[PDB]
$ cat upload14.cif   # mmCIF, C-alpha atoms
data_input
#
loop_
_atom_site.group_PDB
_atom_site.id
_atom_site.type_symbol
_atom_site.label_atom_id
_atom_site.label_comp_id
_atom_site.auth_asym_id
_atom_site.auth_seq_id
_atom_site.Cartn_x
_atom_site.Cartn_y
_atom_site.Cartn_z
ATOM 1 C CA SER Q 1 -13.413 -23.260 14.263
ATOM 2 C CA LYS Q 2 -10.562 -21.584 16.181
ATOM 3 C CA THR Q 3 -7.967 -22.616 13.580
ATOM 4 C CA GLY Q 4 -4.668 -20.709 13.816
ATOM 5 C CA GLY Q 5 -0.911 -20.678 14.470
ATOM 6 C CA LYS Q 6 0.441 -21.860 17.854
ATOM 7 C CA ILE Q 7 3.782 -21.463 19.693
ATOM 8 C CA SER Q 8 4.893 -23.050 23.022
ATOM 9 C CA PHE Q 9 7.642 -21.619 25.301
ATOM 10 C CA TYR Q 10 9.375 -23.702 28.053
ATOM 11 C CA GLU Q 11 11.304 -22.277 31.039
ATOM 12 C CA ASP Q 12 13.966 -25.062 30.908
ATOM 13 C CA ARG Q 13 15.905 -26.690 28.048
ATOM 14 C CA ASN Q 14 14.608 -29.848 26.318
ATOM 15 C CA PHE Q 15 10.992 -28.635 26.743
ATOM 16 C CA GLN Q 16 11.194 -29.178 30.522
ATOM 17 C CA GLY Q 17 9.957 -26.853 33.311
ATOM 18 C CA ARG Q 18 6.789 -24.711 33.158
ATOM 19 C CA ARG Q 19 5.296 -24.424 29.631
ATOM 20 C CA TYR Q 20 3.057 -21.748 28.043
ATOM 21 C CA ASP Q 21 1.049 -22.002 24.777
ATOM 22 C CA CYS Q 22 0.006 -18.877 22.793
ATOM 23 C CA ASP Q 23 -2.362 -18.664 19.775
ATOM 24 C CA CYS Q 24 -2.237 -14.872 19.150
ATOM 25 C CA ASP Q 25 0.050 -11.805 19.584
ATOM 26 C CA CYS Q 26 1.007 -10.969 23.208
ATOM 27 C CA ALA Q 27 2.427 -7.539 24.187
ATOM 28 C CA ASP Q 28 3.562 -8.716 27.659
ATOM 29 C CA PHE Q 29 3.954 -12.398 28.681
ATOM 30 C CA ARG Q 30 6.016 -11.551 31.795
ATOM 31 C CA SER Q 31 3.060 -12.343 34.119
ATOM 32 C CA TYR Q 32 2.800 -15.923 32.766
ATOM 33 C CA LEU Q 33 6.507 -16.696 32.194
ATOM 34 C CA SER Q 34 9.618 -15.236 33.882
ATOM 35 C CA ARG Q 35 12.027 -16.601 31.219
ATOM 36 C CA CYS Q 36 12.098 -18.903 28.142
ATOM 37 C CA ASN Q 37 15.106 -21.131 27.183
ATOM 38 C CA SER Q 38 13.397 -23.304 24.526
ATOM 39 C CA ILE Q 39 10.442 -22.926 22.111
ATOM 40 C CA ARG Q 40 8.234 -25.158 19.934
ATOM 41 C CA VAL Q 41 6.347 -23.664 16.943
ATOM 42 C CA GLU Q 42 3.441 -25.933 15.950
ATOM 43 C CA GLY Q 43 2.092 -23.771 13.121
ATOM 44 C CA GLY Q 44 2.462 -20.306 11.558
ATOM 45 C CA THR Q 45 5.510 -17.976 11.639
ATOM 46 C CA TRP Q 46 6.090 -15.657 14.656
ATOM 47 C CA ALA Q 47 8.341 -12.744 15.634
ATOM 48 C CA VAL Q 48 9.698 -12.717 19.218
ATOM 49 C CA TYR Q 49 11.079 -9.624 21.035
ATOM 50 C CA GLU Q 50 13.519 -9.482 23.964
ATOM 51 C CA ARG Q 51 11.476 -6.828 25.870
ATOM 52 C CA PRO Q 52 7.683 -6.108 26.128
ATOM 53 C CA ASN Q 53 5.883 -3.914 23.587
ATOM 54 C CA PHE Q 54 7.688 -5.579 20.663
ATOM 55 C CA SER Q 55 10.953 -3.791 21.585
ATOM 56 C CA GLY Q 56 14.605 -4.919 21.908
ATOM 57 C CA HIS Q 57 16.146 -7.657 19.708
ATOM 58 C CA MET Q 58 13.610 -9.197 17.257
ATOM 59 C CA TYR Q 59 13.856 -12.715 15.707
ATOM 60 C CA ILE Q 60 11.632 -14.487 13.117
ATOM 61 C CA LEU Q 61 10.731 -18.141 13.960
ATOM 62 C CA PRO Q 62 9.194 -20.419 11.205
ATOM 63 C CA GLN Q 63 7.220 -23.581 12.137
ATOM 64 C CA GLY Q 64 9.489 -26.171 13.828
ATOM 65 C CA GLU Q 65 10.915 -27.369 17.186
ATOM 66 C CA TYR Q 66 13.767 -25.607 19.043
ATOM 67 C CA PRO Q 67 14.817 -27.660 22.139
ATOM 68 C CA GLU Q 68 17.259 -24.868 23.160
ATOM 69 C CA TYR Q 69 17.535 -21.094 22.673
ATOM 70 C CA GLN Q 70 20.811 -21.332 20.703
ATOM 71 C CA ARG Q 71 18.933 -23.329 18.027
ATOM 72 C CA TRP Q 72 16.903 -20.143 17.465
ATOM 73 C CA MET Q 73 20.072 -18.001 17.599
ATOM 74 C CA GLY Q 74 18.653 -16.322 20.734
ATOM 75 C CA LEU Q 75 21.097 -13.922 22.427
ATOM 76 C CA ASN Q 76 19.708 -14.919 25.867
ATOM 77 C CA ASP Q 77 16.486 -16.470 27.285
ATOM 78 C CA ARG Q 78 14.671 -13.099 27.686
ATOM 79 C CA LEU Q 79 11.372 -12.709 25.758
ATOM 80 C CA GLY Q 80 8.690 -10.134 26.755
ATOM 81 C CA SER Q 81 6.332 -10.111 23.714
ATOM 82 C CA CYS Q 82 5.538 -12.058 20.527
ATOM 83 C CA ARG Q 83 3.485 -11.378 17.354
ATOM 84 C CA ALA Q 84 2.295 -13.728 14.593
ATOM 85 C CA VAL Q 85 3.726 -12.928 11.149
ATOM 86 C CA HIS Q 86 1.056 -13.174 8.417
ATOM 87 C CA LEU Q 87 2.261 -14.467 5.032
ATOM 88 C CA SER Q 88 0.683 -12.987 1.862
ATOM 89 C CA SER Q 89 0.674 -15.073 -1.369
ATOM 90 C CA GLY Q 90 -0.884 -14.035 -4.731
ATOM 91 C CA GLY Q 91 1.758 -14.326 -7.473
ATOM 92 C CA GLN Q 92 5.192 -12.606 -7.778
ATOM 93 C CA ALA Q 93 6.456 -10.407 -4.922
ATOM 94 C CA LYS Q 94 7.788 -7.017 -6.245
ATOM 95 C CA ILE Q 95 9.978 -4.296 -4.609
ATOM 96 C CA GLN Q 96 11.585 -1.074 -6.024
ATOM 97 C CA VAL Q 97 14.388 0.912 -4.224
ATOM 98 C CA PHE Q 98 15.544 4.575 -4.624
ATOM 99 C CA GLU Q 99 18.988 6.060 -3.863
ATOM 100 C CA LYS Q 100 17.560 9.374 -2.474
ATOM 101 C CA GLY Q 101 14.595 10.164 -0.193
ATOM 102 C CA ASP Q 102 11.092 10.798 -1.563
ATOM 103 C CA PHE Q 103 11.696 8.357 -4.435
ATOM 104 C CA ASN Q 104 14.498 10.423 -6.055
ATOM 105 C CA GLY Q 105 17.935 9.473 -7.451
ATOM 106 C CA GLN Q 106 18.585 6.233 -9.356
ATOM 107 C CA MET Q 107 15.790 3.632 -9.069
ATOM 108 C CA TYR Q 108 16.141 -0.170 -9.310
ATOM 109 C CA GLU Q 109 13.272 -2.699 -9.630
ATOM 110 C CA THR Q 110 13.569 -6.387 -8.639
ATOM 111 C CA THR Q 111 11.330 -9.437 -8.048
ATOM 112 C CA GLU Q 112 14.059 -11.674 -6.495
ATOM 113 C CA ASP Q 113 15.893 -11.789 -3.130
ATOM 114 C CA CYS Q 114 19.220 -9.880 -2.855
ATOM 115 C CA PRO Q 115 22.016 -11.265 -0.549
ATOM 116 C CA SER Q 116 24.258 -8.179 -1.004
ATOM 117 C CA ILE Q 117 22.832 -4.874 -2.284
ATOM 118 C CA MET Q 118 26.261 -3.294 -2.825
ATOM 119 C CA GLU Q 119 27.454 -6.235 -4.935
ATOM 120 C CA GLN Q 120 24.257 -6.295 -7.038
ATOM 121 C CA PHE Q 121 23.463 -2.543 -7.399
ATOM 122 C CA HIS Q 122 26.741 -0.934 -6.243
ATOM 123 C CA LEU Q 123 24.671 1.042 -3.665
ATOM 124 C CA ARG Q 124 25.891 1.619 -0.082
ATOM 125 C CA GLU Q 125 22.519 2.860 1.272
ATOM 126 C CA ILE Q 126 18.816 3.129 0.258
ATOM 127 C CA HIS Q 127 16.660 6.192 1.153
ATOM 128 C CA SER Q 128 13.237 5.313 -0.355
ATOM 129 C CA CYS Q 129 11.515 2.125 -1.557
ATOM 130 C CA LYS Q 130 8.097 0.982 -2.820
ATOM 131 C CA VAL Q 131 7.024 -2.583 -2.005
ATOM 132 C CA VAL Q 132 3.555 -3.508 -3.307
ATOM 133 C CA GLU Q 133 3.332 -7.247 -3.961
ATOM 134 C CA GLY Q 134 3.797 -10.021 -1.359
ATOM 135 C CA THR Q 135 5.821 -9.401 1.859
ATOM 136 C CA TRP Q 136 9.557 -8.488 1.953
ATOM 137 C CA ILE Q 137 12.135 -8.495 4.805
ATOM 138 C CA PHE Q 138 15.262 -6.254 4.906
ATOM 139 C CA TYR Q 139 18.442 -7.168 6.867
ATOM 140 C CA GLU Q 140 21.170 -4.767 8.074
ATOM 141 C CA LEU Q 141 24.136 -7.101 7.231
ATOM 142 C CA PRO Q 142 24.736 -9.189 4.033
ATOM 143 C CA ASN Q 143 23.548 -12.797 3.765
ATOM 144 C CA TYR Q 144 20.363 -11.910 5.682
ATOM 145 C CA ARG Q 145 22.202 -11.222 8.992
ATOM 146 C CA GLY Q 146 21.863 -8.487 11.660
ATOM 147 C CA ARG Q 147 18.573 -6.794 12.611
ATOM 148 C CA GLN Q 148 15.666 -7.698 10.291
ATOM 149 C CA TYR Q 149 12.488 -5.686 9.492
ATOM 150 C CA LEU Q 150 9.150 -6.967 8.062
ATOM 151 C CA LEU Q 151 7.884 -4.922 5.061
ATOM 152 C CA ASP Q 152 4.250 -5.078 3.833
ATOM 153 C CA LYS Q 153 2.742 -3.707 0.590
ATOM 154 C CA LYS Q 154 3.700 -0.095 1.507
ATOM 155 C CA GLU Q 155 5.397 3.008 0.015
ATOM 156 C CA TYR Q 156 8.365 4.280 2.114
ATOM 157 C CA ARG Q 157 9.493 7.836 1.228
ATOM 158 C CA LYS Q 158 12.072 8.306 4.057
ATOM 159 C CA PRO Q 159 14.440 5.750 5.709
ATOM 160 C CA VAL Q 160 12.955 6.487 9.155
ATOM 161 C CA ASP Q 161 9.647 5.452 7.555
ATOM 162 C CA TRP Q 162 11.016 1.872 7.747
ATOM 163 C CA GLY Q 163 11.491 2.218 11.526
ATOM 164 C CA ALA Q 164 15.265 2.418 10.893
ATOM 165 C CA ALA Q 165 17.487 5.065 12.506
ATOM 166 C CA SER Q 166 19.839 4.981 9.464
ATOM 167 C CA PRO Q 167 19.327 4.347 5.673
ATOM 168 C CA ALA Q 168 21.697 1.348 5.913
ATOM 169 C CA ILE Q 169 20.344 -1.849 4.319
ATOM 170 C CA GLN Q 170 22.544 -4.708 2.968
ATOM 171 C CA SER Q 171 20.113 -7.522 1.924
ATOM 172 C CA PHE Q 172 16.400 -8.389 1.508
ATOM 173 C CA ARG Q 173 14.244 -11.495 0.823
ATOM 174 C CA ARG Q 174 10.609 -12.257 -0.106
ATOM 175 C CA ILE Q 175 8.475 -14.283 2.356
ATOM 176 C CA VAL Q 176 6.675 -17.294 0.795
ATOM 177 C CA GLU Q 177 4.675 -20.163 2.339
#

$ encode --input "upload14.cif" --output "structure tokens"
Amino acid sequence: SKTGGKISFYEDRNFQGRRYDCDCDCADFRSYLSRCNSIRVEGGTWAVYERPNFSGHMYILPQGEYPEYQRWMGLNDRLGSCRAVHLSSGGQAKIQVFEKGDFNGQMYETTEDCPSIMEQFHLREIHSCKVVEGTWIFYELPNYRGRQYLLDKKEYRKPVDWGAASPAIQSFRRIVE
């Protein structure tokens, strides 16, 4: 009955050393593991953070096996908390973006991923956006690179409403499966 996603962290490379298995979000795993240099994802998609309380660098990990941290693009082997990412299906994911805050300025509507916002819409920044269909991720650098943020069916009127300290956004993609 306890069906769910599962991730395993190993203190040494090649899944060697002490191992820890988690089946739910954990705000502080420091008491069970002092470091993690490799990870195995058996099911589900998870977000890992460099420091406790989902803070510091954040990385999205889909199901799969990573015998070494570099295979997950980790900056180092420090991980203090992890959360399971829930995927929403339904039909066609839809997002709208506005040039000014409070949904003002020019508006653009799209149902597909965008690798470079400036190349597609000639926009250098985005100050408001309404996502209400499926889940969407935004990335600070083109080609889905840099810090990434998970967006749910929500209405964002200010850039800080996205947890971002600046209205800078260069690419976004829809999450499926």

$ closest_residue --input "upload14.cif" --among "Q:93, Q:87, Q:176, Q:137" --to "residue 162 (chain Q)" --atoms "all atoms listed in the file"
Q:137

$ resolve_selection --input "upload14.cif" --expression "the PyMOL selection byres ((chain Q and resi 49) around 7)" --output "MDAnalysis selection string"
chainID Q and resid 47:48 50:51 54:59 79:82

$ atom_distance --input "upload14.cif" --atom1 "CA of residue 67 (chain Q)" --atom2 "CA of residue 16 (chain Q)"
9.3 Å

$ closest_atom_pairs --input "upload14.cif" --of "region 47-103 of chain Q" --to "region 31-41 of chain Q" --cutoff "8 Å" --atoms "all atoms listed in the file" --output "Markdown table"
| residue | atom | partner | partner_atom | distance |
| --- | --- | --- | --- | --- |
| Q:61 | CA | Q:41 | CA | 7.7 |
| Q:62 | CA | Q:41 | CA | 7.2 |
| Q:63 | CA | Q:41 | CA | 4.9 |
| Q:64 | CA | Q:41 | CA | 5.1 |
| Q:65 | CA | Q:40 | CA | 4.4 |
| Q:66 | CA | Q:39 | CA | 5.3 |
| Q:67 | CA | Q:38 | CA | 5.2 |
| Q:68 | CA | Q:38 | CA | 4.4 |
| Q:69 | CA | Q:38 | CA | 5.0 |
| Q:76 | CA | Q:37 | CA | 7.8 |
| Q:77 | CA | Q:37 | CA | 4.9 |
| Q:78 | CA | Q:35 | CA | 5.6 |
| Q:79 | CA | Q:36 | CA | 6.7 |

$ write_last_selection --input "upload14.cif" --atoms "C-alpha atoms" --output "short mmCIF file (atom, residue, chain, number, x, y, z; two decimals), in the frame of the given file"
data_model
loop_
_atom_site.label_atom_id
_atom_site.label_comp_id
_atom_site.auth_asym_id
_atom_site.auth_seq_id
_atom_site.Cartn_x
_atom_site.Cartn_y
_atom_site.Cartn_z
CA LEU Q 61 10.73 -18.14 13.96
CA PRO Q 62 9.19 -20.42 11.20
CA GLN Q 63 7.22 -23.58 12.14
CA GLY Q 64 9.49 -26.17 13.83
CA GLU Q 65 10.92 -27.37 17.19
CA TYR Q 66 13.77 -25.61 19.04
CA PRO Q 67 14.82 -27.66 22.14
CA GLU Q 68 17.26 -24.87 23.16
CA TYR Q 69 17.54 -21.09 22.67
CA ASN Q 76 19.71 -14.92 25.87
CA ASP Q 77 16.49 -16.47 27.28
CA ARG Q 78 14.67 -13.10 27.69
CA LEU Q 79 11.37 -12.71 25.76
#

$ closest_residue --input "upload14.cif" --among "Q:140, Q:11, Q:99, Q:21" --to "residue 122 (chain Q)" --atoms "only C-alpha atoms"
Q:99

$ residues_around --input "upload14.cif" --residues "residue 161 (chain Q)" --least-positions-apart "5" --cutoff "10 Å" --atoms "only C-alpha atoms" --output "count of residues only"
6

$ atom_distance --input "upload14.cif" --atom1 "CA of residue 6 (chain Q)" --atom2 "CA of residue 45 (chain Q)"
8.9 Å

$ closest_residue --input "upload14.cif" --among "Q:148, Q:1, Q:53, Q:171" --to "residue 120 (chain Q)" --atoms "all atoms listed in the file"
Q:171
